[PDB]
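Notes to accompany the following structure.
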Amino acid sequence: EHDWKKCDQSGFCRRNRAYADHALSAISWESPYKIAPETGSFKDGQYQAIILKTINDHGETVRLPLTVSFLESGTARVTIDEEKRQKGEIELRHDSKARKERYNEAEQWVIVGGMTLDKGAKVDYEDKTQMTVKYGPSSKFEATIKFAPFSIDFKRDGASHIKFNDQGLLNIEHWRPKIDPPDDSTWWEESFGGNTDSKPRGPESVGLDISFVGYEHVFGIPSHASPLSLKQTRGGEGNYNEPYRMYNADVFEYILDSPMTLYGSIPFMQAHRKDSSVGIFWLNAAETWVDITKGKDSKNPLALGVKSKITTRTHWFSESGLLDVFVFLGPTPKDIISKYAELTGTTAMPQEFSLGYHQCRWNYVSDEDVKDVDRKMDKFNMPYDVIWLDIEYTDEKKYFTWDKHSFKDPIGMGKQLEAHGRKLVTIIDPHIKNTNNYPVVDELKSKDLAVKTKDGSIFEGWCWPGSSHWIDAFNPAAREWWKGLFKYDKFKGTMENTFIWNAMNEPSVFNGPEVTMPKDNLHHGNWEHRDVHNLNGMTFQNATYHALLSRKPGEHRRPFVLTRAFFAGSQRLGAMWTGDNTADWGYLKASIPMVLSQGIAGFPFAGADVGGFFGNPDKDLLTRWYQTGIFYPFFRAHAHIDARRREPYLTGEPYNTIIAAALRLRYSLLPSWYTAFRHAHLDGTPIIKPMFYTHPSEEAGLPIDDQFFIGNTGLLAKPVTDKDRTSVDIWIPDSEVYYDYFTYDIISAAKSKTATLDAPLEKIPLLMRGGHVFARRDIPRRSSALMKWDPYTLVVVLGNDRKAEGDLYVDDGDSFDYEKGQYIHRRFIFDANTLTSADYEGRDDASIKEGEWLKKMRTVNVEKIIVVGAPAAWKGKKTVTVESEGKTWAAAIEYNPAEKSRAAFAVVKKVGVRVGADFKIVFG
Ligand SMILES: OC[C@H]1O[C@H](O[C@@H]2[C@H](O)[C@@H](O)O[C@H](CO)[C@H]2O)[C@H](O)[C@@H](O)[C@@H]1O
């Protein structure tokens, strides 16, 4: 039974919450922090200066260097460090060798670009109470630094949007020695969960208040079982009483509707209102808490006699490290997320297969079990791409081995899968069994690659294998070593279709405090674990990612790695899932806001365990879960060890038939999924998109988190996630025409509204927005790889403008040849009775030399076009005219007139145009 720190039980949380209580209750609180104005210089997109913190009654100060950077992107950055610790002028307790510097390598792990300073940024005004810097797009952005008390207002369009230290909560815990007097009860040793943190540095937390002025909704800081629009944390009806926490942890049977930490953390928050968006990224790898309150701008936020405009107050604090924050001024959600991704990276180009359906449990028990499931899925016409092996495949929980009794012929298993282009995923976790006759542990120890305790001994604790050590993936030599262990001729029983799942990388330690490592463990660089905890999981996923790039000579190819724990930047390395969820309706419902929050925080490749991990879902629940799951970018069924087998062919009729139809829908849309992942790769566009993102002008959209748009398609989904619901109310965001994907019934035209839609068990509620084109593949196949050369259908969805656009991206799904132009990317435009296809980027034909994959694609066609909302002037016309590659011909079209609420639509068959070429098709 699992104990979790509440705020009051975390020392530095208590002190920052108490600092906040004092400041908001004190009369004319002033933050005891001031810029020494004569220390301050501006040059070349950068202010630097010394803040002086007054630390006592006698007016004694310490020096904290400030750097405000103004980047070419129009993003700003604010860093505050501690001069005394930069210089090494402190003493650690216990003769600790822990680093004295404030942790400063989060940047190195996370930030991959966007750091160029804007030499167009300039001082506009400065007296010696303040200075205003103009920066960004034609100098539209301003930051007003106030010197005494320190504060910054970030403005655009003549208003303040974000304020730092307006409430005076800035708090940098300066180093002090442990002395008795001539409340410090949390400053030093702290005990929790059977462990005592020796706390060699003492207090060193960093915190700040960040106000979002005139914003009522904030979003982000996944992962939490919480709504997408984040809740208040200081009490009130339907609010939380604790701050949101980010401390990656193994949270068994995590509850719904809670600010408690889960497995991964991305400290990126956005605020949105009608036609305005801003955001911040709090670049800190330590335990981090965020309090949120909303109210009027007065000190009593319920006061009368003041303006009613709401400001959202947030209060961030982390255990150690630099105070280090980026500020994004938007002004759209797209802008903000795009800038974040430039900083932290876009989604990696995925293995195409990994967008298929993944089949998993704890555990498939033999190579005969695997092979029998593969054959059963084919028997029941349930397509899938990957079958997954959990920890029981190992030899007594040693990674890089197999249980030879149960997994006789792993290579044969692999090859049976290879006959349908299917794949195998095996689990590898970061704990390495402490035992005899095990080369992997010997090398870990002998090469000094393990995480260490507070005195430099090798750390030891308990997980699956019993007594274990943990790889320190912060250490580049540990990463380089790990690479070597995955070569096909080193890791026996694996081969070219074997990929990897990392879990327990929080890290999970069964006998540790809060099921993780002590805070005073030491990592490569001599950083304390407290400094880097939230990066740990990402270091390990990174190690594994780079290991799969090349596993034999000649090979260079896209990794696929699933992780449990993560940080800002993990999008570069693979997928995540939301951990050990539960087989209950509430968890199915919660999955959607969680997965949305992932993508709007720049890590869209995300999902939850279909069916729920713990327990046994009813058959209707499981069926609904498939209908939701087909819209997770990462779509996997998984089940705990005590749960019954529930491979989907075991459900029974009519559930089997409905689940198979969900699967077929996912597979038919794979062309559009893959394209959505392409855009996530190009600029960090989310793969599924909430209403606030797609419709920033529609205020009613802000709190909506149960429906979403898919990629670029205009498809709007609202899965049923309530027991015995047989209809669904979909919020229609705007005035465009929306059609039922299945019947083409007109759900709305002309007016934003809530529309009621029939939704029995066999129905997936899915609408097609007018103005869009999207591609699918109609021919059903057993896996994604067997679709690779099938023809495409294009769906052209027209509203009253009779105009549409969309796109389609393809490549080999596996190599890095996309980096040299080996891909097809089409833009489809419908206008003035004409559908055209052009290169999305406007490349000329051969300036690119065709490789082997592009040549094969010459046999692949668009064969079918469906126009929904077909105009009446096409009635009685029985051909269209097709032009492509110099040739012109006629193709048959059937016009079907409107009928009841069913739209007019038209179908062109046997179009016969190669997907890689320009074309023009004239209707009417
Ligand atoms: O590899 C097995 C299993 O491990 C993780 O889950 C476990 C599990 O829920 C339970 O036994 O409790 C521990 C401690 O909290 C968890 O770590 C993975 O999350 C899961 O997907 C996997 O099947």
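To be explicit about the labels: the chains of the structure tokens are called A, B, and onward in the order shown, and within each one the residues are counted from 1, while ligands get numbers from 1 in the order they are shown.
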8 Å contact set for residue 277 (chain A), only C-alpha atoms, chain neighbours under 5 positions out, as JSON, numbers by chain: {"A": [270, 271, 272, 329, 330, 331, 332, 333, 336]}
Next, the residues of the selection above should be written as a CSV table (one decimal), in the first residue's frame with N, CA, C and O atoms.
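Heads up, here's the output in again03.csv:
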chain,number,residue,atom,x,y,z
A,270,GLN,N,-0.1,26.6,-21.1
A,270,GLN,CA,-0.7,27.6,-22.0
A,270,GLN,C,-1.9,28.2,-21.5
A,270,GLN,O,-2.7,27.5,-20.8
A,271,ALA,N,-2.2,29.4,-21.8
A,271,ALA,CA,-3.5,30.1,-21.5
A,271,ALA,C,-4.1,30.6,-22.8
A,271,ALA,O,-3.4,31.1,-23.6
A,272,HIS,N,-5.4,30.4,-22.9
A,272,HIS,CA,-6.2,30.6,-24.0
A,272,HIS,C,-7.4,31.4,-23.7
A,272,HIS,O,-8.1,31.1,-22.7
A,329,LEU,N,4.3,34.2,-26.7
A,329,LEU,CA,3.2,35.2,-26.8
A,329,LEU,C,2.3,35.0,-28.0
A,329,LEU,O,1.3,35.7,-28.2
A,330,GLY,N,2.5,34.0,-28.8
A,330,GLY,CA,1.5,33.4,-29.6
A,330,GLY,C,1.4,34.3,-30.9
A,330,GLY,O,2.4,34.6,-31.5
A,331,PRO,N,0.2,34.7,-31.3
A,331,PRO,CA,-1.0,34.7,-30.5
A,331,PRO,C,-2.0,33.6,-30.7
A,331,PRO,O,-3.1,33.7,-30.1
A,332,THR,N,-1.7,32.6,-31.5
A,332,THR,CA,-2.6,31.4,-31.6
A,332,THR,C,-2.0,30.2,-30.9
A,332,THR,O,-0.8,30.1,-30.7
A,333,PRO,N,-2.9,29.2,-30.6
A,333,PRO,CA,-2.4,28.0,-30.0
A,333,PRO,C,-1.4,27.3,-30.9
A,333,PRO,O,-0.3,26.9,-30.5
A,336,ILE,N,2.1,28.8,-30.6
A,336,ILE,CA,2.7,28.6,-29.3
A,336,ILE,C,3.4,27.2,-29.3
A,336,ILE,O,4.6,27.0,-29.0
Test item, alpha helix (DSSP H) assignment across region 285-434 of chain A, answer as JSON, numbers by chain: {"A": [333, 334, 335, 336, 337, 338, 339, 340, 341, 342, 343, 344, 367, 368, 369, 370, 371, 372, 373, 374, 375, 376, 377, 378, 379, 410, 411, 412, 413, 414, 415, 416, 417, 418]}
Shell of 12 Å around residue 268 (chain A), only C-alpha atoms, local chain residues under 3 positions omitted, as an NGL selection string: :A and (218-223 or 246 or 265 or 271 or 278-284 or 288 or 290 or 316 or 325-328 or 336-337 or 339-341 or 343-344 or 567-569 or 597-603)
As an mmCIF file with N, CA, C and O atoms, in the first residue's frame, please: every protein or nucleic acid residue near ligand 1 (cut-off 8 Å, counting only C-alpha atoms and all ligand atoms).
data_model
loop_
_atom_site.group_PDB
_atom_site.id
_atom_site.type_symbol
_atom_site.label_atom_id
_atom_site.label_comp_id
_atom_site.auth_asym_id
_atom_site.auth_seq_id
_atom_site.Cartn_x
_atom_site.Cartn_y
_atom_site.Cartn_z
ATOM 1 N N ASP A 250 5.798 5.691 -10.084
ATOM 2 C CA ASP A 250 5.059 4.504 -10.414
ATOM 3 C C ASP A 250 3.833 4.457 -9.518
ATOM 4 O O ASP A 250 3.930 3.993 -8.390
ATOM 5 N N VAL A 251 2.700 4.939 -10.021
ATOM 6 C CA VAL A 251 1.504 5.127 -9.212
ATOM 7 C C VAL A 251 0.447 4.036 -9.474
ATOM 8 O O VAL A 251 -0.448 4.174 -10.345
ATOM 9 N N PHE A 252 0.562 2.969 -8.699
ATOM 10 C CA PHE A 252 -0.307 1.809 -8.790
ATOM 11 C C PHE A 252 -1.774 2.200 -8.561
ATOM 12 O O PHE A 252 -2.103 2.798 -7.560
ATOM 13 N N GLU A 253 -2.649 1.869 -9.488
ATOM 14 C CA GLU A 253 -4.093 2.155 -9.331
ATOM 15 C C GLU A 253 -4.317 3.641 -9.092
ATOM 16 O O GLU A 253 -4.993 4.042 -8.182
ATOM 17 N N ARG A 361 -0.451 -8.246 -23.575
ATOM 18 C CA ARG A 361 -0.843 -8.441 -22.196
ATOM 19 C C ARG A 361 0.342 -8.860 -21.359
ATOM 20 O O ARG A 361 1.428 -9.150 -21.880
ATOM 21 N N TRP A 362 0.111 -8.882 -20.054
ATOM 22 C CA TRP A 362 1.026 -9.483 -19.110
ATOM 23 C C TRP A 362 0.413 -10.844 -18.761
ATOM 24 O O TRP A 362 -0.499 -10.908 -17.925
ATOM 25 N N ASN A 363 0.823 -11.939 -19.424
ATOM 26 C CA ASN A 363 1.898 -12.040 -20.432
ATOM 27 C C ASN A 363 1.374 -13.037 -21.472
ATOM 28 O O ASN A 363 0.537 -13.895 -21.167
ATOM 29 N N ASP A 390 5.653 -8.959 -22.603
ATOM 30 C CA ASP A 390 5.972 -8.456 -21.283
ATOM 31 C C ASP A 390 6.997 -9.359 -20.531
ATOM 32 O O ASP A 390 7.468 -10.364 -21.057
ATOM 33 N N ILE A 391 7.285 -9.004 -19.276
ATOM 34 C CA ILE A 391 8.509 -9.405 -18.565
ATOM 35 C C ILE A 391 8.723 -10.915 -18.370
ATOM 36 O O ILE A 391 9.894 -11.346 -18.227
ATOM 37 N N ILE A 427 9.791 -6.083 -23.887
ATOM 38 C CA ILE A 427 10.135 -5.177 -22.813
ATOM 39 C C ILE A 427 11.613 -5.286 -22.328
ATOM 40 O O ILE A 427 12.145 -6.383 -22.145
ATOM 41 N N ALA A 503 9.610 0.414 -19.667
ATOM 42 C CA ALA A 503 8.796 0.814 -18.511
ATOM 43 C C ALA A 503 9.672 0.889 -17.264
ATOM 44 O O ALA A 503 10.879 0.633 -17.345
ATOM 45 N N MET A 504 9.072 1.227 -16.118
ATOM 46 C CA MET A 504 9.757 1.233 -14.824
ATOM 47 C C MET A 504 10.917 2.208 -14.797
ATOM 48 O O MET A 504 11.755 2.168 -13.878
ATOM 49 N N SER A 508 11.263 3.148 -11.231
ATOM 50 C CA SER A 508 10.476 2.442 -10.254
ATOM 51 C C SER A 508 11.402 1.586 -9.406
ATOM 52 O O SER A 508 12.053 0.685 -9.934
ATOM 53 N N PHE A 510 10.845 -0.718 -5.873
ATOM 54 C CA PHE A 510 9.725 -1.234 -5.078
ATOM 55 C C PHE A 510 9.905 -0.907 -3.602
ATOM 56 O O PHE A 510 8.950 -0.577 -2.916
ATOM 57 N N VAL A 515 8.194 4.656 -4.162
ATOM 58 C CA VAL A 515 8.523 3.679 -5.175
ATOM 59 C C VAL A 515 9.557 4.188 -6.171
ATOM 60 O O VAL A 515 9.566 3.755 -7.333
ATOM 61 N N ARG A 564 7.203 4.597 -20.491
ATOM 62 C CA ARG A 564 6.285 5.019 -19.450
ATOM 63 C C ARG A 564 6.602 6.397 -18.893
ATOM 64 O O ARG A 564 5.729 7.249 -18.853
ATOM 65 N N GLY A 579 -0.082 4.590 -18.675
ATOM 66 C CA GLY A 579 0.300 3.796 -17.515
ATOM 67 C C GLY A 579 -0.801 2.836 -17.101
ATOM 68 O O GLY A 579 -1.625 2.426 -17.921
ATOM 69 N N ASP A 580 -0.800 2.487 -15.820
ATOM 70 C CA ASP A 580 -1.703 1.475 -15.312
ATOM 71 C C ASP A 580 -3.102 2.050 -15.022
ATOM 72 O O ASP A 580 -3.463 2.320 -13.906
ATOM 73 N N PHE A 613 -6.005 -1.442 -17.955
ATOM 74 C CA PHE A 613 -5.004 -2.408 -17.529
ATOM 75 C C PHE A 613 -5.504 -3.302 -16.377
ATOM 76 O O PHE A 613 -5.530 -4.505 -16.552
ATOM 77 N N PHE A 614 -5.867 -2.722 -15.236
ATOM 78 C CA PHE A 614 -6.365 -3.500 -14.089
ATOM 79 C C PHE A 614 -7.815 -3.934 -14.246
ATOM 80 O O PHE A 614 -8.659 -3.105 -14.570
ATOM 81 N N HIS A 638 -3.915 -3.841 -23.683
ATOM 82 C CA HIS A 638 -2.970 -4.363 -22.690
ATOM 83 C C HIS A 638 -3.789 -4.760 -21.469
ATOM 84 O O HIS A 638 -4.908 -4.281 -21.297
ATOM 85 N N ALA A 639 -3.256 -5.648 -20.638
ATOM 86 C CA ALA A 639 -4.008 -6.222 -19.533
ATOM 87 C C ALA A 639 -3.091 -6.746 -18.456
ATOM 88 O O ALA A 639 -2.093 -7.370 -18.739
ATOM 89 N N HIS A 640 -3.476 -6.505 -17.208
ATOM 90 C CA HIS A 640 -2.727 -6.905 -16.019
ATOM 91 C C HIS A 640 -2.753 -8.443 -15.868
ATOM 92 O O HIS A 640 -3.563 -9.129 -16.516
ATOM 93 N N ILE A 641 -1.831 -8.968 -15.049
ATOM 94 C CA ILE A 641 -1.574 -10.409 -14.983
ATOM 95 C C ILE A 641 -2.728 -11.190 -14.391
ATOM 96 O O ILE A 641 -2.941 -12.330 -14.749
#
All strand (DSSP E) positions in region 404-500 of chain A, as a list in words: residues 423, 424, 425, 426, 427, 431, 432, 433, 461, 462, 463, 466, 467, 468, 469, 470, 498, 499 and 500 of chain A
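Considering the residues A:193, A:703, A:711, A:507 and counting only C-alpha atoms, residue 593 (chain A) has its shortest atom-to-atom contact with A:703.
Between CA of residue 408 (chain A) and CA of residue 644 (chain A) the interatomic distance comes to 24.7 Å.
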Minimum-distance residue to residue 267 (chain A), chosen among A:462, A:566, A:457, A:63 (using only C-alpha atoms): A:566
If we count only C-alpha atoms, what is near region 827-842 of chain A at a cut-off of 10 Å, once residues fewer than 5 positions away on the same chain are taken out, given as an mmCIF file with N, CA, C and O atoms, in the first residue's frame?
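Output file part-v3.cif follows:
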data_model
loop_
_atom_site.group_PDB
_atom_site.id
_atom_site.type_symbol
_atom_site.label_atom_id
_atom_site.label_comp_id
_atom_site.auth_asym_id
_atom_site.auth_seq_id
_atom_site.Cartn_x
_atom_site.Cartn_y
_atom_site.Cartn_z
ATOM 1 N N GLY A 771 -15.040 21.594 -46.323
ATOM 2 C CA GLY A 771 -13.809 22.336 -46.595
ATOM 3 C C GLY A 771 -12.541 21.493 -46.561
ATOM 4 O O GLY A 771 -11.452 22.031 -46.607
ATOM 5 N N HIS A 772 -12.663 20.170 -46.487
ATOM 6 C CA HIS A 772 -11.509 19.332 -46.301
ATOM 7 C C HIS A 772 -11.473 18.180 -47.306
ATOM 8 O O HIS A 772 -12.521 17.657 -47.700
ATOM 9 N N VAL A 773 -10.259 17.746 -47.631
ATOM 10 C CA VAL A 773 -10.020 16.530 -48.384
ATOM 11 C C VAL A 773 -9.150 15.627 -47.536
ATOM 12 O O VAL A 773 -8.123 16.100 -46.974
ATOM 13 N N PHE A 774 -9.485 14.335 -47.507
ATOM 14 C CA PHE A 774 -8.605 13.376 -46.862
ATOM 15 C C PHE A 774 -8.580 12.033 -47.576
ATOM 16 O O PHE A 774 -9.531 11.669 -48.271
ATOM 17 N N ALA A 775 -7.469 11.327 -47.421
ATOM 18 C CA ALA A 775 -7.252 10.071 -48.137
ATOM 19 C C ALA A 775 -7.501 8.893 -47.195
ATOM 20 O O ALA A 775 -7.184 8.968 -46.007
ATOM 21 N N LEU A 794 -9.945 9.201 -52.220
ATOM 22 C CA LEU A 794 -10.004 10.537 -51.663
ATOM 23 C C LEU A 794 -11.429 10.946 -51.357
ATOM 24 O O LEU A 794 -12.323 10.799 -52.188
ATOM 25 N N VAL A 796 -13.642 14.166 -50.649
ATOM 26 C CA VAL A 796 -13.696 15.613 -50.774
ATOM 27 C C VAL A 796 -14.986 16.068 -50.087
ATOM 28 O O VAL A 796 -16.097 15.687 -50.525
ATOM 29 N N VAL A 797 -14.858 16.834 -49.005
ATOM 30 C CA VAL A 797 -16.025 17.201 -48.223
ATOM 31 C C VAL A 797 -16.241 18.694 -48.458
ATOM 32 O O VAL A 797 -15.404 19.510 -48.065
ATOM 33 N N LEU A 798 -17.351 19.030 -49.101
ATOM 34 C CA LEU A 798 -17.647 20.375 -49.512
ATOM 35 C C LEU A 798 -18.728 21.022 -48.647
ATOM 36 O O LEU A 798 -19.739 20.404 -48.304
ATOM 37 N N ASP A 801 -19.142 26.906 -49.847
ATOM 38 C CA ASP A 801 -18.101 27.443 -50.761
ATOM 39 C C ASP A 801 -17.729 26.501 -51.864
ATOM 40 O O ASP A 801 -17.127 26.917 -52.823
ATOM 41 N N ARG A 802 -18.054 25.224 -51.748
ATOM 42 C CA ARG A 802 -17.636 24.229 -52.761
ATOM 43 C C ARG A 802 -16.143 24.292 -53.040
ATOM 44 O O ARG A 802 -15.668 24.270 -54.168
ATOM 45 N N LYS A 803 -15.416 24.335 -51.949
ATOM 46 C CA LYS A 803 -13.997 24.520 -51.959
ATOM 47 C C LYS A 803 -13.442 23.622 -50.833
ATOM 48 O O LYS A 803 -14.072 23.482 -49.777
ATOM 49 N N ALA A 804 -12.297 22.991 -51.045
ATOM 50 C CA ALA A 804 -11.702 22.191 -49.991
ATOM 51 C C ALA A 804 -10.222 22.056 -50.199
ATOM 52 O O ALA A 804 -9.717 22.286 -51.287
ATOM 53 N N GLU A 805 -9.526 21.705 -49.127
ATOM 54 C CA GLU A 805 -8.121 21.366 -49.217
ATOM 55 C C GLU A 805 -7.783 20.252 -48.229
ATOM 56 O O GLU A 805 -8.407 20.132 -47.206
ATOM 57 N N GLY A 806 -6.824 19.415 -48.590
ATOM 58 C CA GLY A 806 -6.182 18.495 -47.682
ATOM 59 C C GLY A 806 -4.885 17.971 -48.277
ATOM 60 O O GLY A 806 -4.445 18.472 -49.293
ATOM 61 N N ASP A 807 -4.296 16.937 -47.652
ATOM 62 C CA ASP A 807 -2.976 16.477 -48.055
ATOM 63 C C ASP A 807 -2.726 15.015 -47.702
ATOM 64 O O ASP A 807 -3.488 14.389 -46.944
ATOM 65 N N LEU A 808 -1.692 14.452 -48.323
ATOM 66 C CA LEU A 808 -1.354 13.049 -48.121
ATOM 67 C C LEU A 808 0.161 12.880 -48.208
ATOM 68 O O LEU A 808 0.762 13.272 -49.214
ATOM 69 N N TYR A 809 0.769 12.288 -47.180
ATOM 70 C CA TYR A 809 2.222 12.089 -47.139
ATOM 71 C C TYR A 809 2.465 10.613 -47.074
ATOM 72 O O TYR A 809 1.859 9.943 -46.236
ATOM 73 N N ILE A 865 -12.747 8.702 -55.974
ATOM 74 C CA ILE A 865 -13.031 9.993 -55.363
ATOM 75 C C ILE A 865 -14.493 10.041 -54.986
ATOM 76 O O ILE A 865 -15.367 9.672 -55.781
ATOM 77 N N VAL A 867 -17.176 12.850 -53.456
ATOM 78 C CA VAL A 867 -17.455 14.213 -53.121
ATOM 79 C C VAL A 867 -18.743 14.209 -52.335
ATOM 80 O O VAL A 867 -19.782 13.812 -52.846
ATOM 81 N N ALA A 870 -22.060 17.376 -52.955
ATOM 82 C CA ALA A 870 -21.967 17.577 -54.379
ATOM 83 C C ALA A 870 -23.000 18.595 -54.904
ATOM 84 O O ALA A 870 -24.142 18.551 -54.545
ATOM 85 N N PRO A 871 -22.577 19.533 -55.736
ATOM 86 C CA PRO A 871 -23.529 20.546 -56.223
ATOM 87 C C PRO A 871 -24.530 20.012 -57.243
ATOM 88 O O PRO A 871 -24.247 19.064 -57.974
ATOM 89 N N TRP A 874 -24.180 19.195 -61.198
ATOM 90 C CA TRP A 874 -23.530 17.964 -61.654
ATOM 91 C C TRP A 874 -24.562 16.869 -61.991
ATOM 92 O O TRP A 874 -24.213 15.861 -62.593
ATOM 93 N N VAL A 880 -16.431 12.754 -65.548
ATOM 94 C CA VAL A 880 -15.481 13.815 -65.320
ATOM 95 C C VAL A 880 -14.342 13.664 -66.280
ATOM 96 O O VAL A 880 -14.115 12.591 -66.807
ATOM 97 N N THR A 881 -13.600 14.745 -66.440
ATOM 98 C CA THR A 881 -12.407 14.785 -67.261
ATOM 99 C C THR A 881 -11.148 14.793 -66.386
ATOM 100 O O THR A 881 -10.972 15.685 -65.571
ATOM 101 N N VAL A 882 -10.293 13.791 -66.567
ATOM 102 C CA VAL A 882 -9.058 13.597 -65.816
ATOM 103 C C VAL A 882 -7.863 13.943 -66.713
ATOM 104 O O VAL A 882 -7.794 13.464 -67.857
ATOM 105 N N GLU A 883 -6.969 14.803 -66.225
ATOM 106 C CA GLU A 883 -5.675 15.070 -66.844
ATOM 107 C C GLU A 883 -4.546 14.711 -65.872
ATOM 108 O O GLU A 883 -4.574 15.115 -64.704
ATOM 109 N N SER A 884 -3.553 13.970 -66.359
ATOM 110 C CA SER A 884 -2.340 13.675 -65.599
ATOM 111 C C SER A 884 -1.196 13.248 -66.503
ATOM 112 O O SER A 884 -1.343 12.312 -67.307
ATOM 113 N N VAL A 915 -0.419 8.124 -57.718
ATOM 114 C CA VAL A 915 -0.519 9.023 -56.579
ATOM 115 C C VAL A 915 0.635 10.046 -56.546
ATOM 116 O O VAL A 915 0.473 11.171 -56.057
ATOM 117 N N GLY A 916 1.781 9.661 -57.097
ATOM 118 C CA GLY A 916 2.949 10.527 -57.130
ATOM 119 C C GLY A 916 2.965 11.626 -58.206
ATOM 120 O O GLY A 916 3.955 12.332 -58.294
ATOM 121 N N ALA A 917 1.899 11.775 -59.013
ATOM 122 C CA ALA A 917 1.908 12.743 -60.136
ATOM 123 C C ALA A 917 0.885 13.827 -59.970
ATOM 124 O O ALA A 917 -0.160 13.623 -59.348
ATOM 125 N N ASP A 918 1.169 14.971 -60.573
ATOM 126 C CA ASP A 918 0.171 16.038 -60.672
ATOM 127 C C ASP A 918 -1.040 15.489 -61.350
ATOM 128 O O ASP A 918 -0.920 14.662 -62.238
ATOM 129 N N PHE A 919 -2.213 15.949 -60.922
ATOM 130 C CA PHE A 919 -3.410 15.746 -61.697
ATOM 131 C C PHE A 919 -4.425 16.854 -61.509
ATOM 132 O O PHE A 919 -4.308 17.680 -60.589
ATOM 133 N N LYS A 920 -5.351 16.902 -62.464
ATOM 134 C CA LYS A 920 -6.423 17.847 -62.533
ATOM 135 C C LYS A 920 -7.678 17.089 -62.960
ATOM 136 O O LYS A 920 -7.677 16.410 -63.980
ATOM 137 N N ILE A 921 -8.732 17.162 -62.160
ATOM 138 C CA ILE A 921 -9.998 16.498 -62.457
ATOM 139 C C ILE A 921 -11.127 17.510 -62.450
ATOM 140 O O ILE A 921 -11.360 18.148 -61.441
ATOM 141 N N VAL A 922 -11.811 17.628 -63.584
ATOM 142 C CA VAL A 922 -12.839 18.630 -63.810
ATOM 143 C C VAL A 922 -14.235 17.990 -63.746
ATOM 144 O O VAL A 922 -14.536 17.062 -64.483
ATOM 145 N N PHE A 923 -15.061 18.467 -62.819
ATOM 146 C CA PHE A 923 -16.411 17.942 -62.608
ATOM 147 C C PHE A 923 -17.372 18.904 -63.287
ATOM 148 O O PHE A 923 -17.049 20.081 -63.479
ATOM 149 N N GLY A 924 -18.554 18.413 -63.632
ATOM 150 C CA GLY A 924 -19.661 19.279 -64.069
ATOM 151 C C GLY A 924 -19.761 19.443 -65.591
ATOM 152 O O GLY A 924 -20.564 20.255 -66.089
#
Å distance separating CA of residue 755 (chain A) from CA of residue 906 (chain A), one decimal place: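 These atoms are spaced 25.5 Å apart.
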Counting only C-alpha atoms, the option among A:305, A:383, A:11, A:412 closest to residue 287 (chain A): A:11
Surrounding residues of residue 700 (chain A) excluding itself and chain neighbours under 6 positions, 12 Å, only C-alpha atoms, as a ChimeraX atom specification: /A:217,272-274,691-692,731-734,752-754
Spatial neighbours of region 149-159 of chain A, 7 Å, only C-alpha atoms, chain gap at least 5 places, as a PyMOL selection string: chain A and resi 30-35+140-144+164-166
Spatial neighbours of residue 757 (chain A), max dist 7 Å, only C-alpha atoms, sep filter under 4 positions, as a PyMOL selection string: chain A and resi 727-729
Proximity to residue 788 (chain A) - best of A:492, A:469, A:420, A:546, only C-alpha atoms: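 The answer is A:420, which sits nearest to residue 788 (chain A).
Put simply, CA of residue 735 (chain A) is 9.8 Å away from CA of residue 799 (chain A).
Closest to residue 659 (chain A) among A:675, A:205, A:314, A:381 is A:381, based on only C-alpha atoms.
Take the candidates A:522, A:637, A:565, A:795 and check each one against residue 261 (chain A) using only C-alpha atoms; the shortest distance goes to A:565.
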For region 297-345 of chain A versus region 197-204 of chain A, which residues have an atom no more than 10 Å away, and what is each residue's nearest atom pair and distance in Å rounded to one decimal, using only C-alpha atoms, chain-then-number order, as CSV?
residue,atom,partner,partner_atom,distance
A:318,CA,A:204,CA,9.0
A:319,CA,A:204,CA,6.5
A:320,CA,A:204,CA,5.3
A:321,CA,A:204,CA,7.8
A:322,CA,A:204,CA,9.7
